[PDB]
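Asks: Take a look at final00.pdb, PDB, C-alpha atoms (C1' of nucleotides):
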ATOM      1  CA  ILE W 205      18.460 -38.538  31.498  1.00  0.00           C
ATOM      2  CA  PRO W 206      14.796 -38.310  32.510  1.00  0.00           C
ATOM      3  CA  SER W 207      11.751 -37.637  30.396  1.00  0.00           C
ATOM      4  CA  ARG W 208      10.829 -33.896  30.310  1.00  0.00           C
ATOM      5  CA  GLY W 209      12.921 -33.219  33.397  1.00  0.00           C
ATOM      6  CA  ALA W 210      16.318 -31.684  34.080  1.00  0.00           C
ATOM      7  CA  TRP W 211      19.537 -33.578  33.539  1.00  0.00           C
ATOM      8  CA  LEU W 212      22.347 -34.144  36.011  1.00  0.00           C
ATOM      9  CA  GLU W 213      25.787 -35.586  35.359  1.00  0.00           C
ATOM     10  CA  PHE W 214      28.439 -36.884  37.764  1.00  0.00           C
ATOM     11  CA  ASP W 215      31.780 -36.839  35.998  1.00  0.00           C
ATOM     12  CA  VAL W 216      35.376 -37.447  37.063  1.00  0.00           C
ATOM     13  CA  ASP W 217      37.574 -34.735  35.613  1.00  0.00           C
ATOM     14  CA  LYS W 218      41.229 -34.492  34.598  1.00  0.00           C
ATOM     15  CA  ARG W 219      42.211 -34.224  38.249  1.00  0.00           C
ATOM     16  CA  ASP W 220      41.057 -36.732  40.842  1.00  0.00           C
ATOM     17  CA  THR W 221      37.863 -34.860  41.664  1.00  0.00           C
ATOM     18  CA  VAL W 222      34.236 -35.288  40.708  1.00  0.00           C
ATOM     19  CA  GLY W 223      32.193 -32.487  39.182  1.00  0.00           C
ATOM     20  CA  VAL W 224      28.465 -33.044  39.605  1.00  0.00           C
ATOM     21  CA  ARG W 225      27.147 -30.688  36.989  1.00  0.00           C
ATOM     22  CA  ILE W 226      23.438 -30.201  37.646  1.00  0.00           C
ATOM     23  CA  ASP W 227      21.307 -28.851  34.775  1.00  0.00           C
ATOM     24  CA  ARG W 228      23.880 -27.744  32.223  1.00  0.00           C
ATOM     25  CA  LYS W 229      25.582 -25.162  34.376  1.00  0.00           C
ATOM     26  CA  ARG W 230      29.190 -24.963  35.496  1.00  0.00           C
ATOM     27  CA  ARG W 231      30.056 -28.147  37.331  1.00  0.00           C
ATOM     28  CA  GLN W 232      30.396 -29.071  40.959  1.00  0.00           C
ATOM     29  CA  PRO W 233      31.904 -31.318  43.602  1.00  0.00           C
ATOM     30  CA  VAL W 234      29.805 -34.089  45.144  1.00  0.00           C
ATOM     31  CA  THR W 235      29.917 -32.812  48.707  1.00  0.00           C
ATOM     32  CA  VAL W 236      27.902 -29.690  47.981  1.00  0.00           C
ATOM     33  CA  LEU W 237      25.166 -31.937  46.638  1.00  0.00           C
ATOM     34  CA  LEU W 238      25.418 -34.522  49.430  1.00  0.00           C
ATOM     35  CA  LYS W 239      25.177 -31.856  52.110  1.00  0.00           C
ATOM     36  CA  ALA W 240      22.491 -30.224  49.959  1.00  0.00           C
ATOM     37  CA  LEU W 241      20.438 -33.359  50.447  1.00  0.00           C
ATOM     38  CA  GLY W 242      21.431 -33.335  54.100  1.00  0.00           C
ATOM     39  CA  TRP W 243      24.354 -35.713  54.488  1.00  0.00           C
ATOM     40  CA  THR W 244      26.851 -34.772  57.170  1.00  0.00           C
ATOM     41  CA  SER W 245      30.581 -35.138  56.574  1.00  0.00           C
ATOM     42  CA  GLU W 246      30.652 -38.185  58.848  1.00  0.00           C
ATOM     43  CA  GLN W 247      27.826 -39.679  56.792  1.00  0.00           C
ATOM     44  CA  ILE W 248      29.821 -38.956  53.633  1.00  0.00           C
ATOM     45  CA  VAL W 249      32.857 -40.786  55.026  1.00  0.00           C
ATOM     46  CA  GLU W 250      30.545 -43.559  56.224  1.00  0.00           C
ATOM     47  CA  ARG W 251      28.938 -44.016  52.813  1.00  0.00           C
ATOM     48  CA  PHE W 252      32.214 -43.385  50.974  1.00  0.00           C
ATOM     49  CA  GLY W 253      35.086 -44.699  53.035  1.00  0.00           C
TER      50      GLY W 253
ATOM     51  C1'  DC R   1     -21.231  18.263 -80.502  1.00  0.00           C
ATOM     52  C1'  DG R   2     -24.785  18.899 -77.305  1.00  0.00           C
ATOM     53  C1'  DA R   3     -28.819  17.588 -73.851  1.00  0.00           C
ATOM     54  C1'  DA R   4     -30.303  15.456 -70.201  1.00  0.00           C
ATOM     55  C1'  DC R   5     -29.449  11.936 -66.685  1.00  0.00           C
ATOM     56  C1'  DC R   6     -28.332   9.617 -62.335  1.00  0.00           C
ATOM     57  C1'  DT R   7     -25.138   8.755 -59.470  1.00  0.00           C
ATOM     58  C1'  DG R   8     -19.881   8.763 -57.270  1.00  0.00           C
ATOM     59  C1'  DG R   9     -19.737  10.981 -53.108  1.00  0.00           C
ATOM     60  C1'  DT R  10     -18.867  15.912 -50.104  1.00  0.00           C
ATOM     61  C1'  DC R  11     -20.501  18.645 -46.928  1.00  0.00           C
ATOM     62  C1'  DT R  12     -23.627  20.963 -44.195  1.00  0.00           C
ATOM     63  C1'  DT R  13     -27.882  22.049 -41.222  1.00  0.00           C
ATOM     64  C1'  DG R  14     -31.101  21.393 -38.113  1.00  0.00           C
ATOM     65  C1'  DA R  15     -33.694  18.780 -35.052  1.00  0.00           C
ATOM     66  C1'  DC R  16     -33.781  15.188 -31.555  1.00  0.00           C
ATOM     67  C1'  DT R  17     -31.954  11.738 -27.989  1.00  0.00           C
ATOM     68  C1'  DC R  18     -29.075  10.158 -24.688  1.00  0.00           C
ATOM     69  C1'  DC R  19     -26.042  10.358 -21.367  1.00  0.00           C
ATOM     70  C1'  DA R  20     -22.493  11.545 -18.252  1.00  0.00           C
ATOM     71  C1'  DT R  21     -21.339  14.778 -14.486  1.00  0.00           C
ATOM     72  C1'  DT R  22     -21.615  17.365 -10.849  1.00  0.00           C
ATOM     73  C1'  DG R  23     -24.654  19.184  -7.110  1.00  0.00           C
ATOM     74  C1'  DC R  24     -27.214  19.036  -3.366  1.00  0.00           C
ATOM     75  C1'  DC R  25     -29.186  16.526   0.231  1.00  0.00           C
ATOM     76  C1'  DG R  26     -30.586  13.283   3.376  1.00  0.00           C
ATOM     77  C1'  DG R  27     -30.189   8.808   5.511  1.00  0.00           C
ATOM     78  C1'  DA R  28     -27.068   4.629   6.436  1.00  0.00           C
ATOM     79  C1'  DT R  29     -22.864   2.893   7.910  1.00  0.00           C
ATOM     80  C1'  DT R  30     -18.430   3.219   9.442  1.00  0.00           C
ATOM     81  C1'  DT R  31     -14.564   4.474  12.295  1.00  0.00           C
ATOM     82  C1'  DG R  32     -12.660   6.780  16.117  1.00  0.00           C
ATOM     83  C1'  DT R  33     -12.854   8.103  21.074  1.00  0.00           C
ATOM     84  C1'  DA R  34     -14.425   8.051  25.771  1.00  0.00           C
ATOM     85  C1'  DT R  35     -16.192   5.595  29.823  1.00  0.00           C
ATOM     86  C1'  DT R  36     -17.567   2.118  32.939  1.00  0.00           C
ATOM     87  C1'  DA R  37     -16.043   2.665  41.319  1.00  0.00           C
ATOM     88  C1'  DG R  38     -15.880  -3.690  45.862  1.00  0.00           C
ATOM     89  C1'  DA R  39     -10.654  -5.789  45.298  1.00  0.00           C
ATOM     90  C1'  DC R  40      -8.012  -7.695  42.596  1.00  0.00           C
ATOM     91  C1'  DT R  41      -0.460  -5.855  42.821  1.00  0.00           C
ATOM     92  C1'  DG R  42       6.181  -9.023  40.424  1.00  0.00           C
ATOM     93  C1'  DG R  43       5.310 -14.105  33.655  1.00  0.00           C
ATOM     94  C1'  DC R  44       5.325 -19.357  32.294  1.00  0.00           C
ATOM     95  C1'  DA R  45       8.480 -23.731  31.794  1.00  0.00           C
ATOM     96  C1'  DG R  46      10.336 -24.718  28.387  1.00  0.00           C
ATOM     97  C1'  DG R  47      14.166 -27.627  26.006  1.00  0.00           C
ATOM     98  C1'  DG R  48      18.529 -30.667  25.188  1.00  0.00           C
ATOM     99  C1'  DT R  49      22.248 -34.685  23.494  1.00  0.00           C
ATOM    100  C1'  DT R  50      27.608 -33.611  16.496  1.00  0.00           C
ATOM    101  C1'  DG R  51      31.870 -32.752  15.656  1.00  0.00           C
ATOM    102  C1'  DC R  52      35.482 -29.920  14.562  1.00  0.00           C
ATOM    103  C1'  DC R  53      37.909 -25.363  14.430  1.00  0.00           C
ATOM    104  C1'  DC R  54      39.380 -20.751  15.701  1.00  0.00           C
ATOM    105  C1'  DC R  55      39.386 -17.354  18.886  1.00  0.00           C
ATOM    106  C1'  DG R  56      38.434 -14.615  22.615  1.00  0.00           C
ATOM    107  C1'  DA R  57      37.272 -14.439  27.796  1.00  0.00           C
ATOM    108  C1'  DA R  58      37.673 -15.650  32.671  1.00  0.00           C
ATOM    109  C1'  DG R  59      40.590 -17.751  36.075  1.00  0.00           C
ATOM    110  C1'  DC R  60      44.182 -19.969  38.697  1.00  0.00           C
ATOM    111  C1'  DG R  61      49.034 -20.698  39.954  1.00  0.00           C
ATOM    112  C1'  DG R  62      53.132 -18.083  39.930  1.00  0.00           C
ATOM    113  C1'  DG R  63      56.146 -14.731  41.497  1.00  0.00           C
ATOM    114  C1'  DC R  64      56.946  -9.563  43.090  1.00  0.00           C
ATOM    115  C1'  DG R  65      57.097  -3.655  44.904  1.00  0.00           C
TER     116       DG R  65
END
Write the structure described by the file as structure tokens, please.
Replies:
Amino acid sequence: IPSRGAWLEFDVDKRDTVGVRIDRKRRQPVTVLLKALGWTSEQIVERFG
DNA sequence: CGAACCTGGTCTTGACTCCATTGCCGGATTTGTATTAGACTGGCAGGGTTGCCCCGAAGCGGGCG
């Protein structure tokens, strides 16, 4: 929660996945956001092995 | 018993004053409408965190002509 910004939440749902809901609208997985910052899949496995 | 009175109003008549009420009539003001020729070309921007309940909508896994 910031001050006067936009929220973002990283949950773990009923399954073994991880919605990354960004600004109140219909969830997400992490990898869309990690690649959206510019992390390759190898960098994802490297950071999260 | 009558004469004369003077006074209760009762009402009218005429003369005079005042005053509203239109009626023009002109100036003040008030409201509407139109017109300005260099070019100018897709909005800010904010909030929002309760909880529970009922119901209806969109979707995903499941089978099938």
Asks: Could you list, as a list in words, every residue within 10 Å of residue 210 in chain W, counting only C-alpha atoms (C1' of nucleotides) and ignoring same-chain residues fewer than 5 positions away?
Replies: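 Returned residues: residues 205, 226, 227 and 228 of chain W; 47 and 48 of chain R.
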Asks: State, in Å with one decimal place, the distance from CA of residue 211 in chain W to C1' of residue 51 in chain R.
Replies: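 About the pair CA of residue 211 in chain W and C1' of residue 51 in chain R: they are 21.7 Å apart.
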Asks: Taking all atoms listed in the file into account, name the residue in R:23, R:9, R:46, R:2 that is nearest to chain W.
Replies: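 Comparing R:23, R:9, R:46, R:2 against chain W, the winner is R:46.
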Asks: What is the distance between CA of residue 249 in chain W and CA of residue 212 in chain W, in Å to one decimal?
Replies: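 Calculated distance between CA of residue 249 in chain W and CA of residue 212 in chain W is 22.7 Å.
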Asks: Quote the spacing between CA of residue 221 in chain W and CA of residue 233 in chain W in Å to one decimal place.
Replies: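 These two atoms are separated by 7.2 Å.
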Asks: What does the PyMOL selection byres ((chain W and resi 223) around 9) select in this file, as a ChimeraX atom specification?
Replies: /W:213-217,221-222,224-225,230-234
Asks: Compare R:34, R:4, R:28, R:49 by their minimum atom-to-atom distance to chain W, counting only C-alpha atoms (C1' of nucleotides), and give me the closest one.
Replies: R:49
Asks: Return the single residue from R:45, R:16, R:50, R:30 that is closest to chain W, with distances computed using only C-alpha atoms (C1' of nucleotides).
Replies: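 The closest residue to chain W is R:45.
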